[PDB]
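Everything on this sheet refers to the single structure shown next.
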Amino acid sequence: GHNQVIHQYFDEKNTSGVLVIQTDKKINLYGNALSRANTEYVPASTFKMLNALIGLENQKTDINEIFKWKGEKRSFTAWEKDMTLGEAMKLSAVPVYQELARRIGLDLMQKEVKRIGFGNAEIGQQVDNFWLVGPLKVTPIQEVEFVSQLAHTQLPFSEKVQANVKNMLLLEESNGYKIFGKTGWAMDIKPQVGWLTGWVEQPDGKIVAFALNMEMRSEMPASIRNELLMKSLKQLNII
Ligand SMILES: *[C@H](O)[C@H](CO)[C@H]1C[C@H](S[C@H]2CN[C@@H](C(=O)N(C)C)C2)C(C(=O)O)=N1
């Protein structure tokens, strides 16, 4: 795991990004813009993780509820269907999570966001968008520590709610490994922020958490985040 071959990966793909790795509470930095690791960015869709935890834990929803599509056009046509929280989770289908956020409400949301200490822990006044255009912001090291705690079932929620949310986040089974994670793309902010935050569950059971964060642009393919993550995790020989 050379802290420079990963740099040629970010150098090549033409971007400014960091990959934060946390192995058993030890944090390492890789990429071509290590300064991004302690700078705040909007969490975009990575916040759905906390949103789901707050919603489940507080019985505003449950993992079997079917969220009904009432027919408005949405940004992607794969969002234009009925789905559960878990399906909405894998599609990053923000209208489902905004309706959840309105159920939770500002007071409960701000109290939970502050109790968890997520990012700057500020949600402002509009319950249904504070994670997409501000004021809520989080550094990539804070995301890796958050997602690390979730992988270890260490966040201040009941175990069953955490386990429910983890099972919403399965991305790949490979070589006997498991990668869990949540993509994120804030396309309105400039520069655009890309997020891919999760963890690797190595066959021995060991857990290594990651927060890939990078500046983004409209023409890039969605797979650019997984590409940059997988070829890195194998270069550090995590996978
Ligand atoms: C929603 O706020 C946002 C999360 O930050 C959405 C938009 C982008 S990309 C978009 C492309 N089609 C969706 C998808 O991946 N599937 C499977 C239909 C999501 C995004 C992201 O992927 O980072 N999440």
Side-chain angles (χ1 to χ4, degrees), residues 9-10 13 15-22 30-31 33 36-37 40-53 74-79 81 83-98 100-101 118-119 129 131-133 136-148 150-151 165-171 173-174 177-201 208-234 238-239:
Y9 291 14
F10 290 53
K13 285 307 179 149
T15 173
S16 151
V18 67
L19 179 56
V20 188
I21 301 281
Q22 198 195 261
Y30 315 82
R36 322 182 42 79
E40 303 182 335
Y41 308 107
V42 295
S45 291
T46 62
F47 178 79
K48 288 177 171 68
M49 268 173 327
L50 192 40
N51 194 359
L53 288 153
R74 301 158 159 194
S75 297
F76 308 73
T77 72
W79 294 359
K81 75 174 168 193
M83 46 185 143
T84 50
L85 206 61
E87 289 153 349
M89 181 57 77
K90 274 302 109 203
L91 279 37
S92 314
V94 59
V96 167
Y97 281 80
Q98 312 188 86
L100 186 49
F118 186 86
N129 74 347
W131 66 92
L132 313 153
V133 292
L136 180 68
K137 263 169 314 192
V138 63
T139 74
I141 73 106
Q142 291 181 304
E143 285 238 344
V144 82
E145 174 53 20
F146 169 90
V147 83
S148 198
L150 169 61
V165 175
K166 299 180 18 181
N167 276 307
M168 284 186 210
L169 299 172
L170 194 37
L171 263 53
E173 267 153 344
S174 135
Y177 297 25
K178 280 170 188 189
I179 300 208
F180 300 78
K182 193 67 211 61
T183 75
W185 190 338
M187 317 176 162
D188 281 340
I189 288 323
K190 256 175 242 211
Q192 291 162 24
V193 305
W195 281 110
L196 180 32
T197 308
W199 71 93
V200 172
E201 181 180 305
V208 47
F210 56 84
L212 170 62
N213 171 286
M214 68 197 279
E215 153 158 344
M216 278 222 159
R217 276 182 312 269
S218 294
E219 56 271 19
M220 337 177 54
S223 269
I224 196 55
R225 281 152 335 171
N226 295 72
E227 260 211 10
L228 216 47
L229 175 79
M230 297 302 261
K231 69 189 309 184
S232 285
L233 288 191
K234 183 108 55 153
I238 291 157
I239 167 73

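Computed over heavy atoms, backbone and side chain alike; hydrogens, waters and symmetry mates excluded. Numbering of residues begins at 1 and proceeds along the displayed sequence.
Shown are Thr46, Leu50, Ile141; of these, the side chain to side chain contact (heavy atoms under 4.5 Å, CB included) with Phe146 is made only by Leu50.
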### Message
Using the rule given for side chain to side chain contact (heavy atoms under 4.5 Å, CB included), can you reason through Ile224 versus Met216, listing the C-alpha separation, both sets of side-chain angles and the distance that settles it, and then say yes or no?
### Response
CA-CA 10 Å; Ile224 196 55; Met216 278 222 159; 3.5 Å; yes
### Message
Could you walk me through whether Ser16 and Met214 satisfy the side chain to side chain contact (heavy atoms under 4.5 Å, CB included) test, starting with their C-alpha distance in whole Å, then the side-chain angles of each, then the deciding distance to 0.1 Å, before giving a yes or no?
### Response
CA-CA 5 Å; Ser16 151; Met214 68 197 279; over 6 Å; no
### Query
Between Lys48 and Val94, does a side chain to side chain contact (heavy atoms under 4.5 Å, CB included) hold up when you go through it step by step?
CA-CA 8 Å; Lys48 288 177 171 68; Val94 59; 3.7 Å; yes
### Message
side chain to side chain contact (heavy atoms under 4.5 Å, CB included) for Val42 and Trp131? Distances and angles first, verdict last.
### Response
CA-CA 6 Å; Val42 295; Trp131 66 92; over 6 Å; no
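In this structure, the separation between CH2 on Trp185 and OG on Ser92 is 12.0 Å, given to the nearest 0.5 Å. In this structure, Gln192 CD and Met187 CE are separated by 7.5 Å, a value rounded to the nearest 0.5 Å. One distance of note links CG of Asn213 with CG of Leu228; it measures 11.0 Å at 0.5 Å rounding.
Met89 and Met168 get closest at one heavy-atom pair: CG-O, 3.6 Å. Residues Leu132 and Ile189 approach most closely at O-CG1, 4.3 Å, considering heavy atoms. Of all the heavy atoms in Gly119 and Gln142, the pair that sits closest is CA-OE1, 3.5 Å. Shortest non-hydrogen contact noted between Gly198 and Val147 is O-CG1, 3.2 Å. Among all heavy-atom pairs drawn from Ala52 and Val165, the shortest one is CB-CG2, 4.1 Å.
You'll find the side chain of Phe180 stays beyond 4.5 Å of the side chain of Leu150, heavy atoms only. Between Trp199 and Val208, every side-chain heavy-atom pair lies at or beyond the 4.5 Å cut-off. Residues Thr183 and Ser45 fail the side-chain proximity criterion, which asks for heavy atoms closer than 4.5 Å. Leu212 places none of its side-chain heavy atoms less than 4.5 Å from the side chain of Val20. Side-chain contact check for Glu215 versus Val193: every heavy-atom pair is 4.5 Å or farther apart. A 4.5 Å side-chain heavy-atom check between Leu171 and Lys90 finds at least one atom pair inside the cut-off. Residues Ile179 and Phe210 meet the side-chain proximity criterion, which asks for heavy atoms closer than 4.5 Å.
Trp195 and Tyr41 have perpendicular rings, their planes meeting at more than 60° on a 0 to 90° scale where under 30° would count as parallel. Note on ring orientation: taking the six-membered ring where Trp is involved, the planes of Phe47 and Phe118 are perpendicular (angle over 60°, cut-offs 30° and 60°).
Looking at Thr84, its side chain does come within 3.5 Å of a backbone N or O of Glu87 through a donor-acceptor pair. Without hydrogens or angle criteria, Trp79 side chain to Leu91 main chain gives a donor-acceptor distance under 3.5 Å. At distances below 3.5 Å, not a single donor-acceptor pair connects side-chain atoms of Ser174 with backbone N or O atoms of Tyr177. Checking side-chain atoms of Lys231 against main-chain N and O of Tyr9 turns up no donor-acceptor pair under 3.5 Å. Side-chain atoms of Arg225 never come within 3.5 Å of backbone atoms of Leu196 as a donor-acceptor pair (strictly under, hydrogens ignored).
Counting only residues at least two apart or in different chains, salt bridge (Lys or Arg N to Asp or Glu O under 4.0 Å) contacts with residues 181-196 are absent.
Counting only N and O atoms by type, the side chains of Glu143 and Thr197 include a donor and acceptor under 3.5 Å apart. Using a 3.5 Å distance cut-off with no hydrogens or angles, the side chains of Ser148 and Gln22 do pair a donor with an acceptor.
The existence of a salt bridge linking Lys13 and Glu227 is confirmed by a sub-4.0 Å separation between a basic side-chain nitrogen and an acidic carboxylate oxygen.
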